[PDB]
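*Asks:* Once you've had a glance at the structure underneath, I'll fire off some questions.
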Amino acid sequence: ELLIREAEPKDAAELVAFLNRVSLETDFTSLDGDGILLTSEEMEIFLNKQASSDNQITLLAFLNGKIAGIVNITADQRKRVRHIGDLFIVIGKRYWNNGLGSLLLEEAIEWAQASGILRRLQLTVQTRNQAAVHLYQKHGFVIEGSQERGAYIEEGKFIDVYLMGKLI
Amino acid sequence: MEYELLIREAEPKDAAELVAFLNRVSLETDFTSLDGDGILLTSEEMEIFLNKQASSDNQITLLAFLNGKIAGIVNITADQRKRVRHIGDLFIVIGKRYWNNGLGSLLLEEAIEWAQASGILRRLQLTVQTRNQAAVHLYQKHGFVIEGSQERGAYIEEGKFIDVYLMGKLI
Ligand SMILES: CC(=O)SCCNC(=O)CCNC(=O)[C@H](O)C(C)(C)COP(=O)(O)OP(=O)(O)OC[C@H]1O[C@@H](n2cnc3c(N)ncnc32)[C@H](O)[C@@H]1OP(=O)(O)O
Ligand SMILES: CC(=O)SCCNC(=O)CCNC(=O)[C@H](O)C(C)(C)COP(=O)(O)OP(=O)(O)OC[C@H]1O[C@@H](n2cnc3c(N)ncnc32)[C@H](O)[C@@H]1OP(=O)(O)O
């Protein structure tokens, strides 16, 4: 049983818990053992901001009533760049490779298309993170550049990232 | 041929003049995310930003005063998580009136030297509109290479999307 819907402030405590869990599952994102470093009350503030924002959104995936994944679009408000959404997605490791990430990413893209503001979606992905690269390409993201020392892992060493975007 | 030059780290006391300068340059070009709305920060809010930059070991704001007035700024910004703590996002702007006299280069080099000495930053980066060739040139001169380009990186002229270069330097 799977529901995908937009985050509500009542999800804050459980979202913080989810993000601290996934922070310990991999080193593919900026999240590390220090976790999300946000209180449930800070996260409420965040989720309210996202919900009222015309060019930003947090969508949550629930598996039998518990959050199993999140996709985030954030965006700057200045007119130069307000049409650009920066994407972030993470799925609980035990649920990988069952299509949740594609489901969530497709919902995000649909929302972004409907927004009327967002005309570009983008992100940075570690080149070694081939699952992410493949998923993003599958949904029409292209590799737009590659950057040396785009990330630091394992207490020394530096690794490369790709930049990826999709026009909408 | 006569002038007075000071280059130094910004202090909270500079807040009002720095707000004034950033509002000035935001009206001179549409080459950066600055626009006619201006910097959108009061002198009081800038004073906070400026305390943080001075108090942070992987960030900095450097000012150039020409004849006692701010003529240019270089800004290094950075996240604090260890995944990305070594990456400084660079921003430079010079008053149009003072372009092509070497001021941009002096500031860029000072910023690079600080970044090198910090012991934390191992990469500098920015994005630059592909049409902003003065900027593309200035950065190449100081060892930045083009790592990519992004369609719709910027929106101008109420309806025109344009491309940006991703540019980077290892330090
Ligand atoms: C800024 C950001 O978005 S953060 C970067 C992305 N997030 C992360 O890296 C966090 C950790 N990882 C995750 O949360 C997940 O593994 C995600 C988000 C990458 C993928 O979530 P999932 O729900 O597993 O995705 P889903 O099942 O829809 O699809 C995975 C696809 O990758 C493929 N895949 C899995 N592992 C690999 C691999 N090592 N190499 C290539 N492809 C792979 C699968 O075959 C599948 O493709 P298909 O549908 O064509 O078969
Ligand atoms: C993220 C960011 O940094 S923002 C992007 C940069 N900032 C901006 O676009 C804001 C508006 N522009 C400016 O502030 C300035 O014009 C800057 C910062 C780009 C340059 O600063 P200046 O003080 O003019 O730089 P400086 O005089 O040291 O060097 C200018 C160089 O570009 C050259 N130049 C000037 N116009 C052009 C052009 N159209 N095409 C190519 N080169 C040019 C000059 O010849 C000189 O190069 P050289 O010394 O090798 O001959």
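Residues in the structure tokens are named by chain (A, B, ... in the order shown) and by number from 1 within that chain; ligands are numbered from 1 in the order shown.
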Write out as an mmCIF file with N, CA and C atoms, in the first residue's frame the residues lying within 12 Å of residue 20 in chain B, counting only C-alpha atoms and excluding same-chain residues fewer than 5 positions away.

*Replies:*
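Result went into out.cif, see below:
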```cif
data_model
loop_
_atom_site.group_PDB
_atom_site.id
_atom_site.type_symbol
_atom_site.label_atom_id
_atom_site.label_comp_id
_atom_site.auth_asym_id
_atom_site.auth_seq_id
_atom_site.Cartn_x
_atom_site.Cartn_y
_atom_site.Cartn_z
ATOM 1 N N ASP B 14 31.098 48.378 7.464
ATOM 2 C CA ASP B 14 30.884 48.624 6.048
ATOM 3 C C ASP B 14 29.441 48.351 5.550
ATOM 4 N N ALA B 15 28.573 47.808 6.396
ATOM 5 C CA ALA B 15 27.257 47.307 5.959
ATOM 6 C C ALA B 15 26.446 48.256 5.045
ATOM 7 N N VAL B 25 25.307 48.510 -8.423
ATOM 8 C CA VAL B 25 25.713 47.593 -9.496
ATOM 9 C C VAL B 25 24.563 46.715 -9.992
ATOM 10 N N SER B 26 23.569 46.471 -9.157
ATOM 11 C CA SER B 26 22.411 45.655 -9.575
ATOM 12 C C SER B 26 21.605 46.318 -10.751
ATOM 13 N N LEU B 27 21.822 47.630 -10.942
ATOM 14 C CA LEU B 27 21.180 48.453 -11.939
ATOM 15 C C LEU B 27 22.047 48.671 -13.184
ATOM 16 N N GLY B 38 17.220 45.254 -6.664
ATOM 17 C CA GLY B 38 18.352 45.477 -5.793
ATOM 18 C C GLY B 38 18.657 44.321 -4.865
ATOM 19 N N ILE B 39 19.508 44.585 -3.884
ATOM 20 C CA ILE B 39 20.042 43.554 -3.013
ATOM 21 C C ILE B 39 19.020 43.026 -1.988
ATOM 22 N N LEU B 40 17.979 43.803 -1.693
ATOM 23 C CA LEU B 40 16.858 43.338 -0.855
ATOM 24 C C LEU B 40 17.239 43.085 0.641
ATOM 25 N N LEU B 41 18.277 43.784 1.096
ATOM 26 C CA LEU B 41 18.803 43.664 2.446
ATOM 27 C C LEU B 41 18.970 45.063 2.998
ATOM 28 N N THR B 42 18.496 45.281 4.217
ATOM 29 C CA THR B 42 18.723 46.531 4.928
ATOM 30 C C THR B 42 20.181 46.562 5.434
ATOM 31 N N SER B 43 20.659 47.741 5.822
ATOM 32 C CA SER B 43 22.007 47.866 6.386
ATOM 33 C C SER B 43 22.177 46.943 7.592
ATOM 34 N N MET B 46 22.613 43.384 6.492
ATOM 35 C CA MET B 46 23.934 43.164 5.920
ATOM 36 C C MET B 46 24.975 42.962 7.026
ATOM 37 N N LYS B 69 35.689 55.100 -1.578
ATOM 38 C CA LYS B 69 34.378 54.487 -1.836
ATOM 39 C C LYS B 69 34.530 53.076 -2.386
ATOM 40 N N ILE B 70 33.668 52.161 -1.933
ATOM 41 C CA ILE B 70 33.632 50.791 -2.455
ATOM 42 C C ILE B 70 33.446 50.819 -3.971
ATOM 43 N N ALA B 71 34.412 50.208 -4.673
ATOM 44 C CA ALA B 71 34.415 50.106 -6.115
ATOM 45 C C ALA B 71 34.178 48.666 -6.631
ATOM 46 N N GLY B 72 34.389 47.672 -5.758
ATOM 47 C CA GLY B 72 34.257 46.276 -6.120
ATOM 48 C C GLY B 72 34.177 45.344 -4.920
ATOM 49 N N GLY B 95 31.984 48.212 -10.073
ATOM 50 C CA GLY B 95 31.231 49.325 -10.636
ATOM 51 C C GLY B 95 31.645 49.549 -12.075
#
```

*Asks:* Dump the neighbourhood of ligand 1 as a VMD selection string: all residues within 6 Å, distances computed on only C-alpha atoms and all ligand atoms.

*Replies:* chain A and resid 28 to 29 87 to 91 96 to 102 123 to 125 130 to 132 134 to 135

*Asks:* Taking only C-alpha atoms and all ligand atoms and a cut-off of 6 Å, can you tell me which residues surround ligand 2, written as a VMD selection string?

*Replies:* chain B and resid 31 to 32 90 to 94 99 to 105 126 to 128 133 to 135 137 to 138

*Asks:* Would you save the residues from that selection as an mmCIF file, in the first residue's frame, using N, CA and C atoms?

*Replies:*
```
data_model
loop_
_atom_site.group_PDB
_atom_site.id
_atom_site.type_symbol
_atom_site.label_atom_id
_atom_site.label_comp_id
_atom_site.auth_asym_id
_atom_site.auth_seq_id
_atom_site.Cartn_x
_atom_site.Cartn_y
_atom_site.Cartn_z
ATOM 1 N N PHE B 31 23.922 40.873 -15.915
ATOM 2 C CA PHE B 31 24.859 39.757 -16.025
ATOM 3 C C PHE B 31 24.854 38.811 -14.814
ATOM 4 N N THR B 32 24.257 39.248 -13.709
ATOM 5 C CA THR B 32 24.155 38.413 -12.519
ATOM 6 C C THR B 32 22.712 38.344 -12.043
ATOM 7 N N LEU B 90 32.045 31.476 -5.849
ATOM 8 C CA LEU B 90 32.630 32.794 -6.040
ATOM 9 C C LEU B 90 31.617 33.756 -6.697
ATOM 10 N N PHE B 91 31.639 35.016 -6.232
ATOM 11 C CA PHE B 91 30.886 36.132 -6.821
ATOM 12 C C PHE B 91 31.775 37.383 -6.823
ATOM 13 N N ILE B 92 31.923 38.039 -7.983
ATOM 14 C CA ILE B 92 32.635 39.334 -8.098
ATOM 15 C C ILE B 92 31.815 40.354 -8.888
ATOM 16 N N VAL B 93 31.783 41.595 -8.421
ATOM 17 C CA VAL B 93 31.197 42.656 -9.220
ATOM 18 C C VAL B 93 31.971 43.937 -8.979
ATOM 19 N N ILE B 94 32.205 44.669 -10.080
ATOM 20 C CA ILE B 94 32.927 45.952 -10.092
ATOM 21 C C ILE B 94 31.953 47.001 -10.642
ATOM 22 N N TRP B 99 35.479 49.489 -14.773
ATOM 23 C CA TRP B 99 35.849 48.322 -15.544
ATOM 24 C C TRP B 99 37.129 48.526 -16.377
ATOM 25 N N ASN B 100 37.782 47.400 -16.667
ATOM 26 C CA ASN B 100 38.951 47.325 -17.523
ATOM 27 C C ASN B 100 40.118 48.194 -17.102
ATOM 28 N N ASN B 101 40.353 48.227 -15.797
ATOM 29 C CA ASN B 101 41.512 48.869 -15.229
ATOM 30 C C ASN B 101 42.329 47.895 -14.380
ATOM 31 N N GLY B 102 41.942 46.616 -14.366
ATOM 32 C CA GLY B 102 42.647 45.611 -13.565
ATOM 33 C C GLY B 102 42.046 45.331 -12.184
ATOM 34 N N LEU B 103 40.969 46.002 -11.805
ATOM 35 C CA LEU B 103 40.467 45.853 -10.426
ATOM 36 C C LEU B 103 39.871 44.461 -10.168
ATOM 37 N N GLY B 104 39.052 43.994 -11.109
ATOM 38 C CA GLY B 104 38.520 42.631 -11.090
ATOM 39 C C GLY B 104 39.592 41.567 -10.885
ATOM 40 N N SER B 105 40.712 41.671 -11.603
ATOM 41 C CA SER B 105 41.834 40.734 -11.462
ATOM 42 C C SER B 105 42.496 40.769 -10.107
ATOM 43 N N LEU B 126 31.777 28.882 -9.994
ATOM 44 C CA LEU B 126 30.673 29.778 -10.278
ATOM 45 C C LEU B 126 30.022 29.339 -11.564
ATOM 46 N N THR B 127 28.911 29.985 -11.884
ATOM 47 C CA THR B 127 28.283 29.906 -13.174
ATOM 48 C C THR B 127 28.297 31.336 -13.704
ATOM 49 N N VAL B 128 28.445 31.461 -15.022
ATOM 50 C CA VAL B 128 28.590 32.744 -15.716
ATOM 51 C C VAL B 128 27.759 32.676 -17.010
ATOM 52 N N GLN B 133 31.258 37.719 -21.820
ATOM 53 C CA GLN B 133 32.597 37.282 -22.228
ATOM 54 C C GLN B 133 33.762 37.932 -21.462
ATOM 55 N N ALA B 134 33.545 39.150 -20.978
ATOM 56 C CA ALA B 134 34.502 39.823 -20.107
ATOM 57 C C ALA B 134 34.758 38.945 -18.886
ATOM 58 N N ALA B 135 33.672 38.472 -18.287
ATOM 59 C CA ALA B 135 33.722 37.597 -17.115
ATOM 60 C C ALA B 135 34.324 36.246 -17.466
ATOM 61 N N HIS B 137 36.365 35.584 -19.786
ATOM 62 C CA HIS B 137 37.789 35.859 -19.963
ATOM 63 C C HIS B 137 38.568 36.063 -18.648
ATOM 64 N N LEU B 138 37.989 36.860 -17.754
ATOM 65 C CA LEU B 138 38.651 37.199 -16.514
ATOM 66 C C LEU B 138 38.913 35.904 -15.766
#
```

*Asks:* As a PyMOL selection string, could you give me every residue of chain B near chain A (at most 12 Å apart, counting only C-alpha atoms)?

*Replies:* chain B and resi 26+30-40+79-89+120-127+129+144-171

*Asks:* Using DSSP on the backbone coordinates, identify all residues within range 45-76 of chain B classified as strand (DSSP E or B); present the result as a compact mmCIF listing (two decimals) with N, CA and C atoms, in the first residue's frame.

*Replies:*
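See part.txt below for the written result:
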```txt
# COMPACT_ATOMS: atom_id res chain seq x y z
N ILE B 60 34.45 34.29 2.86
CA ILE B 60 35.02 35.64 2.94
C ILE B 60 34.36 36.64 2.01
N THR B 61 34.32 37.90 2.44
CA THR B 61 33.95 39.02 1.61
C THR B 61 35.08 40.05 1.65
N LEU B 62 35.65 40.34 0.48
CA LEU B 62 36.71 41.33 0.30
C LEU B 62 36.18 42.53 -0.46
N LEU B 63 36.57 43.72 0.00
CA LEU B 63 36.14 44.97 -0.60
C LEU B 63 37.33 45.74 -1.21
N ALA B 64 37.09 46.42 -2.32
CA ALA B 64 38.04 47.38 -2.88
C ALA B 64 37.44 48.77 -2.74
N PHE B 65 38.15 49.66 -2.05
CA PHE B 65 37.82 51.07 -1.99
C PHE B 65 38.72 51.82 -2.97
N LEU B 66 38.09 52.57 -3.87
CA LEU B 66 38.78 53.51 -4.74
C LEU B 66 38.39 54.90 -4.30
N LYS B 69 35.69 55.10 -1.58
CA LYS B 69 34.38 54.49 -1.84
C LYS B 69 34.53 53.08 -2.39
N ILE B 70 33.67 52.16 -1.93
CA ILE B 70 33.63 50.79 -2.46
C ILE B 70 33.45 50.82 -3.97
N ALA B 71 34.41 50.21 -4.67
CA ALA B 71 34.42 50.11 -6.12
C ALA B 71 34.18 48.67 -6.63
N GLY B 72 34.39 47.67 -5.76
CA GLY B 72 34.26 46.28 -6.12
C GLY B 72 34.18 45.34 -4.92
N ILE B 73 33.61 44.16 -5.12
CA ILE B 73 33.58 43.13 -4.09
C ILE B 73 33.84 41.76 -4.67
N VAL B 74 34.51 40.92 -3.90
CA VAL B 74 34.59 39.50 -4.20
C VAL B 74 34.05 38.76 -2.97
N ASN B 75 33.20 37.78 -3.23
CA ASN B 75 32.52 37.03 -2.20
C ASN B 75 32.81 35.55 -2.40
N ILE B 76 33.30 34.90 -1.35
CA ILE B 76 33.28 33.44 -1.32
C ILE B 76 32.27 32.96 -0.29
```

*Asks:* How many Å lie between CA of residue 141 in chain A and CA of residue 50 in chain A, rounded to one decimal?

*Replies:*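 So the two atoms, CA of residue 141 in chain A and CA of residue 50 in chain A, lie 23.2 Å apart.
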
*Asks:* Could you check how far CA of residue 58 in chain B sits from CA of residue 77 in chain B, in Å to one decimal?

*Replies:*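 Between CA of residue 58 in chain B and CA of residue 77 in chain B the gap is 7.6 Å.
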
*Asks:* Using DSSP on the backbone, list every residue of range 16-156 of chain B that comes out as alpha helix (DSSP H), and give them as a PyMOL selection string.

*Replies:* chain B and resi 16-25+43-55+103-117+133-141
